[PDB]
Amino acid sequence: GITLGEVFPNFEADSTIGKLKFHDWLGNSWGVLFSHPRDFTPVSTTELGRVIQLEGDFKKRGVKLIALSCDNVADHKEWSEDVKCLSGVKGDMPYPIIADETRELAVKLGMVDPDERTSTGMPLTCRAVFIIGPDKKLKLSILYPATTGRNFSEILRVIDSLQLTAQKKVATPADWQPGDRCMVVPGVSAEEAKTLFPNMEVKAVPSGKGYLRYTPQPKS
C-alpha cells in the first residue's frame, strides 16, 4: 500500500500509448491515477465515460489523467470505443489506460478488489484514485470497491482544495466549495494574520481558545 506523502512508484508499464515510465510521463504536473476492475463492464464504462465528459475540467486545472486495469492493451483499445460512446463525446481518448497484467501495481498500490476476480482466479483492481502532486508525492487517495461507482465531482473538489492549500496558509472546511470561506491554519500567528488575512474572523468558542479562524478564500 502507499501512504500519504510517499513518493509514488516510478513504475514502468505498458499502456494504450505504449510503454511508459511514470515519473517521466507525469513530469512537473498534478496527476490522477485511477483504476477499475475489468474492461467491458458496465459501471467501469460509466466512470471512464464520465472522465471523458470532465476532461476539460481536469485540463483547466493542469491535472494529467491516467486509467488502469489488469486487462491487456488490445482490450483497452477496443473497449475505449464503448467508453467514448457512453460518454457522448466524439474524439480520441483524452487519457491513456495502463495494462497491469502481472498485477504488480495492483499489489504494490494496495488496490486489489476484495470480491472481484477473473473466472480463472486472478486478482483484479478495485476502483482506486490516487492524486499525485508535481513533487511525485501521494496527496490524497480513495479505495472504492467494484460495487460502488465513484463521484468525480468530489475528485475535482479535492483537487481545488489541494492546489489552493499548497499555495496559501489555509485549509478547507467540511463541505467547502471553491469560492467559500477557508480556515486559517493554526500555525499562522495573530501578528502574521494582520497582514496576510486582514478580514480574518476569530470565532469565540467555549474553550476560549483562538483557533476557529475564518477568512475569504485567497486568490491563488
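Throughout, we count residues from 1 along the sequence that is shown.
**Q** Ranking the modelled residues of this chain by C-alpha B-factor as given in the entry, is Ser161 in the lowest, middle or highest third?
**A** Middle third, going by the recorded CA B-factors of the chain.
**Q** Comparing against every modelled residue in the chain, figure out the third that the C-alpha B-factor of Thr102 lands in (lowest, middle or highest).
**A** Lowest third of the chain for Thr102's C-alpha B-factor.
**Q** For the chain shown, is the CA B-factor of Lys136 in the lowest, middle or highest third of its modelled residues?
**A** It falls in the bottom third of the chain.
**Q** Looking at the entry's B-factor column for C-alpha atoms only, identify whether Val170 ranks in the lowest, middle or highest third of its chain.
**A** Lowest third, going by the recorded CA B-factors of the chain.
**Q** What third of its chain, lowest, middle or highest, does the C-alpha temperature factor of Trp25 fall into?
**A** CA B-factor rank for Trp25: middle third.
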